[PDB]
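What's in data_37.pdb: PDB, C-alpha atoms
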ATOM      1  CA  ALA J   1     -15.209 -66.940  51.038
ATOM      2  CA  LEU J   2     -16.592 -63.374  50.833
ATOM      3  CA  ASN J   3     -15.512 -62.837  54.458
ATOM      4  CA  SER J   4     -11.937 -64.133  54.303
ATOM      5  CA  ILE J   5      -9.417 -62.010  56.165
ATOM      6  CA  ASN J   6      -6.390 -63.569  54.448
ATOM      7  CA  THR J   7      -7.166 -62.802  50.799
ATOM      8  CA  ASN J   8      -9.476 -61.027  48.384
ATOM      9  CA  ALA J   9      -9.773 -61.438  44.629
ATOM     10  CA  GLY J  10     -11.064 -57.907  44.097
ATOM     11  CA  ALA J  11      -7.713 -56.375  44.983
ATOM     12  CA  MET J  12      -5.839 -58.759  42.684
ATOM     13  CA  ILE J  13      -8.109 -58.070  39.720
ATOM     14  CA  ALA J  14      -7.976 -54.323  40.328
ATOM     15  CA  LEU J  15      -4.192 -54.608  40.370
ATOM     16  CA  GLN J  16      -4.162 -56.482  37.085
ATOM     17  CA  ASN J  17      -6.326 -53.904  35.327
ATOM     18  CA  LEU J  18      -4.264 -51.046  36.749
ATOM     19  CA  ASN J  19      -1.072 -52.654  35.445
ATOM     20  CA  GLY J  20      -2.652 -53.085  32.026
ATOM     21  CA  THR J  21      -3.470 -49.390  31.899
ATOM     22  CA  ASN J  22       0.077 -48.558  32.990
ATOM     23  CA  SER J  23       1.544 -50.650  30.171
ATOM     24  CA  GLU J  24      -0.697 -48.916  27.653
ATOM     25  CA  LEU J  25       0.504 -45.571  29.016
ATOM     26  CA  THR J  26       4.096 -46.714  28.567
ATOM     27  CA  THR J  27       3.408 -47.499  24.919
ATOM     28  CA  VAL J  28       1.715 -44.172  24.226
ATOM     29  CA  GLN J  29       4.482 -42.205  25.965
ATOM     30  CA  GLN J  30       7.036 -44.034  23.832
ATOM     31  CA  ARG J  31       5.044 -43.114  20.735
ATOM     32  CA  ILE J  32       5.122 -39.477  21.835
ATOM     33  CA  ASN J  33       8.827 -39.393  22.714
ATOM     34  CA  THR J  34      10.065 -40.961  19.498
ATOM     35  CA  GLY J  35       7.438 -39.593  17.120
ATOM     36  CA  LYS J  36       6.690 -42.856  15.284
ATOM     37  CA  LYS J  37       4.805 -46.134  15.696
ATOM     38  CA  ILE J  38       7.628 -48.589  14.987
ATOM     39  CA  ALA J  39      10.662 -47.159  16.762
ATOM     40  CA  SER J  40      12.583 -50.238  17.890
ATOM     41  CA  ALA J  41      12.583 -53.790  16.583
ATOM     42  CA  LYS J  42      10.078 -54.828  19.261
ATOM     43  CA  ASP J  43       7.178 -52.821  17.834
ATOM     44  CA  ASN J  44       7.064 -54.634  14.483
ATOM     45  CA  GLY J  45      10.044 -56.567  13.188
ATOM     46  CA  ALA J  46       9.052 -56.849   9.538
ATOM     47  CA  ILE J  47       8.229 -53.193   8.970
ATOM     48  CA  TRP J  48      11.213 -52.029  11.014
ATOM     49  CA  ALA J  49      13.634 -54.095   8.948
ATOM     50  CA  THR J  50      11.984 -52.872   5.756
ATOM     51  CA  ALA J  51      12.337 -49.225   6.770
ATOM     52  CA  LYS J  52      15.990 -49.654   7.749
ATOM     53  CA  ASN J  53      16.875 -51.228   4.422
ATOM     54  CA  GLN J  54      14.865 -48.617   2.551
TER      55      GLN J  54
ATOM     56  CA  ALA E   1       0.668 -39.635   8.145
ATOM     57  CA  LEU E   2      -0.641 -36.040   7.989
ATOM     58  CA  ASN E   3       0.491 -35.560  11.608
ATOM     59  CA  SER E   4       4.035 -36.929  11.399
ATOM     60  CA  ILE E   5       6.619 -34.878  13.253
ATOM     61  CA  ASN E   6       9.594 -36.483  11.487
ATOM     62  CA  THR E   7       8.794 -35.664   7.855
ATOM     63  CA  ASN E   8       6.495 -33.819   5.482
ATOM     64  CA  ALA E   9       6.147 -34.187   1.728
ATOM     65  CA  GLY E  10       4.925 -30.626   1.243
ATOM     66  CA  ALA E  11       8.318 -29.173   2.106
ATOM     67  CA  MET E  12      10.115 -31.574  -0.236
ATOM     68  CA  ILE E  13       7.828 -30.808  -3.167
ATOM     69  CA  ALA E  14       8.046 -27.070  -2.526
ATOM     70  CA  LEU E  15      11.824 -27.436  -2.531
ATOM     71  CA  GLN E  16      11.778 -29.278  -5.832
ATOM     72  CA  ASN E  17       9.650 -26.639  -7.542
ATOM     73  CA  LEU E  18      11.787 -23.839  -6.118
ATOM     74  CA  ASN E  19      14.929 -25.502  -7.471
ATOM     75  CA  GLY E  20      13.303 -25.865 -10.877
ATOM     76  CA  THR E  21      12.563 -22.153 -10.959
ATOM     77  CA  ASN E  22      16.139 -21.406  -9.901
ATOM     78  CA  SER E  23      17.530 -23.502 -12.756
ATOM     79  CA  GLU E  24      15.296 -21.697 -15.232
ATOM     80  CA  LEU E  25      16.584 -18.390 -13.852
ATOM     81  CA  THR E  26      20.144 -19.606 -14.352
ATOM     82  CA  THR E  27      19.400 -20.341 -17.999
ATOM     83  CA  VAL E  28      17.770 -16.971 -18.642
ATOM     84  CA  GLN E  29      20.597 -15.081 -16.916
ATOM     85  CA  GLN E  30      23.088 -16.942 -19.095
ATOM     86  CA  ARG E  31      21.082 -15.950 -22.160
ATOM     87  CA  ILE E  32      21.250 -12.328 -21.027
ATOM     88  CA  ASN E  33      24.965 -12.329 -20.189
ATOM     89  CA  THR E  34      26.133 -13.892 -23.434
ATOM     90  CA  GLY E  35      23.509 -12.446 -25.770
ATOM     91  CA  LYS E  36      22.673 -15.676 -27.627
ATOM     92  CA  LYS E  37      20.723 -18.917 -27.223
ATOM     93  CA  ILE E  38      23.485 -21.424 -27.988
ATOM     94  CA  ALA E  39      26.568 -20.075 -26.234
ATOM     95  CA  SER E  40      28.437 -23.204 -25.157
ATOM     96  CA  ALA E  41      28.347 -26.744 -26.498
ATOM     97  CA  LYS E  42      25.850 -27.753 -23.802
ATOM     98  CA  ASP E  43      22.978 -25.671 -25.176
ATOM     99  CA  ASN E  44      22.788 -27.450 -28.541
ATOM    100  CA  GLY E  45      25.711 -29.432 -29.889
ATOM    101  CA  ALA E  46      24.673 -29.660 -33.531
ATOM    102  CA  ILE E  47      23.921 -25.981 -34.054
ATOM    103  CA  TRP E  48      26.952 -24.900 -32.033
ATOM    104  CA  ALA E  49      29.305 -26.998 -34.147
ATOM    105  CA  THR E  50      27.647 -25.709 -37.308
ATOM    106  CA  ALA E  51      28.089 -22.081 -36.263
ATOM    107  CA  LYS E  52      31.741 -22.595 -35.330
ATOM    108  CA  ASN E  53      32.556 -24.156 -38.682
ATOM    109  CA  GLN E  54      30.582 -21.484 -40.505
TER     110      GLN E  54
END

Structure rendered as structure tokens:
Amino acid sequence: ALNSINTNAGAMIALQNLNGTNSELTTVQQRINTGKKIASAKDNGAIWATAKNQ
Amino acid sequence: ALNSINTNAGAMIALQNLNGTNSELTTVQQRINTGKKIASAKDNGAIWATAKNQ
């Protein structure tokens, strides 16, 4: 309503973008800790299985 | 990956060439200790057998 005192979409959208950035930071920190792109089976299943077998 | 922290091919290839040189040194030192090219039956079987019989 642009004057509503019960809600505001700006805060929700700002929250969503902040959480997106936090998830990206999680991924990069994982990449740094392990030293490789595909560490677990969640990153990429096909390539992970291939590397294990190889 | 040229920045991988888990592996590097340069070290492996350097190792392989170093081991090749070490094997060559083994052969030359054998040649010096015994005083002859074909000492054992591993050097050359045909010529070694010929020399024994002769």

* Run the PyMOL selection byres ((chain J) within 12 of (chain E)) mentally over the shown coordinates, then write out the matched residues as number ranges by chain, using the chain letters and numbers from the document. => J: 31-37, 39

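For the atom pair formed by CA of residue 38 in chain J and CA of residue 7 in chain E, the distance is 14.8 Å, given to one decimal.
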
To test the calculation: enclose all listed atoms of range 25-35 of chain J in a box whose edges run along x, y and z, add 4 Å on each side, then state centre and edge lengths in Å to one decimal, as AutoDock Vina command-line options.
--center_x 5.3 --center_y -43.4 --center_z 23.1 --size_x 17.6 --size_y 16.1 --size_z 19.9

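What separates CA of residue 30 in chain E from CA of residue 42 in chain E is a distance of 12.1 Å.
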
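Between CA of residue 48 in chain J and CA of residue 2 in chain E there is a distance of 20.1 Å.
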
Please supply range 16-49 of chain J, rebuilt with N, CA and C atoms, as a PDB file, in the coordinates of the input.
ATOM      1  N   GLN J  16      -4.437 -56.063  38.450  1.00  0.00           N
ATOM      2  CA  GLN J  16      -4.162 -56.482  37.085  1.00  0.00           C
ATOM      3  C   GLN J  16      -4.633 -55.447  36.076  1.00  0.00           C
ATOM      4  N   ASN J  17      -5.837 -54.910  36.267  1.00  0.00           N
ATOM      5  CA  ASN J  17      -6.326 -53.904  35.327  1.00  0.00           C
ATOM      6  C   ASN J  17      -5.506 -52.621  35.405  1.00  0.00           C
ATOM      7  N   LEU J  18      -5.094 -52.234  36.611  1.00  0.00           N
ATOM      8  CA  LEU J  18      -4.264 -51.046  36.749  1.00  0.00           C
ATOM      9  C   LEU J  18      -2.934 -51.221  36.028  1.00  0.00           C
ATOM     10  N   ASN J  19      -2.336 -52.407  36.132  1.00  0.00           N
ATOM     11  CA  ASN J  19      -1.072 -52.654  35.445  1.00  0.00           C
ATOM     12  C   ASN J  19      -1.255 -52.645  33.935  1.00  0.00           C
ATOM     13  N   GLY J  20      -2.379 -53.172  33.451  1.00  0.00           N
ATOM     14  CA  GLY J  20      -2.652 -53.085  32.026  1.00  0.00           C
ATOM     15  C   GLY J  20      -2.708 -51.649  31.541  1.00  0.00           C
ATOM     16  N   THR J  21      -3.411 -50.796  32.286  1.00  0.00           N
ATOM     17  CA  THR J  21      -3.470 -49.390  31.899  1.00  0.00           C
ATOM     18  C   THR J  21      -2.086 -48.758  31.927  1.00  0.00           C
ATOM     19  N   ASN J  22      -1.270 -49.114  32.920  1.00  0.00           N
ATOM     20  CA  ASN J  22       0.077 -48.558  32.990  1.00  0.00           C
ATOM     21  C   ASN J  22       0.923 -48.972  31.791  1.00  0.00           C
ATOM     22  N   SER J  23       0.792 -50.221  31.346  1.00  0.00           N
ATOM     23  CA  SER J  23       1.544 -50.650  30.171  1.00  0.00           C
ATOM     24  C   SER J  23       1.098 -49.896  28.929  1.00  0.00           C
ATOM     25  N   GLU J  24      -0.210 -49.697  28.783  1.00  0.00           N
ATOM     26  CA  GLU J  24      -0.697 -48.916  27.653  1.00  0.00           C
ATOM     27  C   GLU J  24      -0.140 -47.496  27.695  1.00  0.00           C
ATOM     28  N   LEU J  25      -0.078 -46.902  28.890  1.00  0.00           N
ATOM     29  CA  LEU J  25       0.504 -45.571  29.016  1.00  0.00           C
ATOM     30  C   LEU J  25       1.973 -45.565  28.633  1.00  0.00           C
ATOM     31  N   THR J  26       2.705 -46.614  28.999  1.00  0.00           N
ATOM     32  CA  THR J  26       4.096 -46.714  28.567  1.00  0.00           C
ATOM     33  C   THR J  26       4.192 -46.677  27.050  1.00  0.00           C
ATOM     34  N   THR J  27       3.347 -47.457  26.377  1.00  0.00           N
ATOM     35  CA  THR J  27       3.408 -47.499  24.919  1.00  0.00           C
ATOM     36  C   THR J  27       3.102 -46.138  24.311  1.00  0.00           C
ATOM     37  N   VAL J  28       2.062 -45.468  24.805  1.00  0.00           N
ATOM     38  CA  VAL J  28       1.715 -44.172  24.226  1.00  0.00           C
ATOM     39  C   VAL J  28       2.822 -43.150  24.482  1.00  0.00           C
ATOM     40  N   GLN J  29       3.409 -43.153  25.683  1.00  0.00           N
ATOM     41  CA  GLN J  29       4.482 -42.205  25.965  1.00  0.00           C
ATOM     42  C   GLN J  29       5.685 -42.462  25.076  1.00  0.00           C
ATOM     43  N   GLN J  30       5.974 -43.728  24.784  1.00  0.00           N
ATOM     44  CA  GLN J  30       7.036 -44.034  23.832  1.00  0.00           C
ATOM     45  C   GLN J  30       6.708 -43.442  22.471  1.00  0.00           C
ATOM     46  N   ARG J  31       5.471 -43.651  22.019  1.00  0.00           N
ATOM     47  CA  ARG J  31       5.044 -43.114  20.735  1.00  0.00           C
ATOM     48  C   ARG J  31       5.224 -41.604  20.690  1.00  0.00           C
ATOM     49  N   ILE J  32       4.989 -40.931  21.812  1.00  0.00           N
ATOM     50  CA  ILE J  32       5.122 -39.477  21.835  1.00  0.00           C
ATOM     51  C   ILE J  32       6.590 -39.071  21.843  1.00  0.00           C
ATOM     52  N   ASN J  33       7.421 -39.771  22.619  1.00  0.00           N
ATOM     53  CA  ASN J  33       8.827 -39.393  22.714  1.00  0.00           C
ATOM     54  C   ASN J  33       9.546 -39.573  21.391  1.00  0.00           C
ATOM     55  N   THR J  34       9.322 -40.700  20.721  1.00  0.00           N
ATOM     56  CA  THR J  34      10.065 -40.961  19.498  1.00  0.00           C
ATOM     57  C   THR J  34       9.434 -40.312  18.274  1.00  0.00           C
ATOM     58  N   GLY J  35       8.116 -40.176  18.254  1.00  0.00           N
ATOM     59  CA  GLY J  35       7.438 -39.593  17.120  1.00  0.00           C
ATOM     60  C   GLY J  35       7.012 -40.556  16.036  1.00  0.00           C
ATOM     61  N   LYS J  36       6.970 -41.860  16.313  1.00  0.00           N
ATOM     62  CA  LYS J  36       6.690 -42.856  15.284  1.00  0.00           C
ATOM     63  C   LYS J  36       6.171 -44.130  15.938  1.00  0.00           C
ATOM     64  N   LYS J  37       5.377 -44.893  15.176  1.00  0.00           N
ATOM     65  CA  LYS J  37       4.805 -46.134  15.696  1.00  0.00           C
ATOM     66  C   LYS J  37       5.873 -47.182  15.943  1.00  0.00           C
ATOM     67  N   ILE J  38       6.582 -47.579  14.893  1.00  0.00           N
ATOM     68  CA  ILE J  38       7.628 -48.589  14.987  1.00  0.00           C
ATOM     69  C   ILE J  38       8.948 -47.858  15.202  1.00  0.00           C
ATOM     70  N   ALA J  39       9.385 -47.782  16.451  1.00  0.00           N
ATOM     71  CA  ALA J  39      10.662 -47.159  16.762  1.00  0.00           C
ATOM     72  C   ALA J  39      11.765 -48.203  16.839  1.00  0.00           C
ATOM     73  N   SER J  40      11.602 -49.190  17.705  1.00  0.00           N
ATOM     74  CA  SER J  40      12.583 -50.238  17.890  1.00  0.00           C
ATOM     75  C   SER J  40      12.127 -51.478  17.138  1.00  0.00           C
ATOM     76  N   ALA J  41      12.912 -52.541  17.247  1.00  0.00           N
ATOM     77  CA  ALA J  41      12.583 -53.790  16.583  1.00  0.00           C
ATOM     78  C   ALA J  41      11.532 -54.587  17.330  1.00  0.00           C
ATOM     79  N   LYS J  42      11.104 -54.125  18.502  1.00  0.00           N
ATOM     80  CA  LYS J  42      10.078 -54.828  19.261  1.00  0.00           C
ATOM     81  C   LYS J  42       8.677 -54.475  18.792  1.00  0.00           C
ATOM     82  N   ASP J  43       8.489 -53.259  18.291  1.00  0.00           N
ATOM     83  CA  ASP J  43       7.178 -52.821  17.834  1.00  0.00           C
ATOM     84  C   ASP J  43       6.668 -53.699  16.698  1.00  0.00           C
ATOM     85  N   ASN J  44       7.406 -53.751  15.594  1.00  0.00           N
ATOM     86  CA  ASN J  44       7.064 -54.634  14.483  1.00  0.00           C
ATOM     87  C   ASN J  44       8.349 -54.951  13.740  1.00  0.00           C
ATOM     88  N   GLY J  45       8.760 -56.217  13.766  1.00  0.00           N
ATOM     89  CA  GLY J  45      10.044 -56.567  13.188  1.00  0.00           C
ATOM     90  C   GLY J  45      10.086 -56.410  11.681  1.00  0.00           C
ATOM     91  N   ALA J  46       9.050 -56.887  10.995  1.00  0.00           N
ATOM     92  CA  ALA J  46       9.052 -56.849   9.538  1.00  0.00           C
ATOM     93  C   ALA J  46       9.139 -55.427   9.008  1.00  0.00           C
ATOM     94  N   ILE J  47       8.255 -54.554   9.482  1.00  0.00           N
ATOM     95  CA  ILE J  47       8.229 -53.193   8.970  1.00  0.00           C
ATOM     96  C   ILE J  47       9.486 -52.441   9.374  1.00  0.00           C
ATOM     97  N   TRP J  48       9.996 -52.700  10.576  1.00  0.00           N
ATOM     98  CA  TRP J  48      11.213 -52.029  11.014  1.00  0.00           C
ATOM     99  C   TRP J  48      12.383 -52.389  10.112  1.00  0.00           C
ATOM    100  N   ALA J  49      12.560 -53.681   9.839  1.00  0.00           N
ATOM    101  CA  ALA J  49      13.634 -54.095   8.948  1.00  0.00           C
ATOM    102  C   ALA J  49      13.464 -53.482   7.568  1.00  0.00           C
TER     103      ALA J  49
END
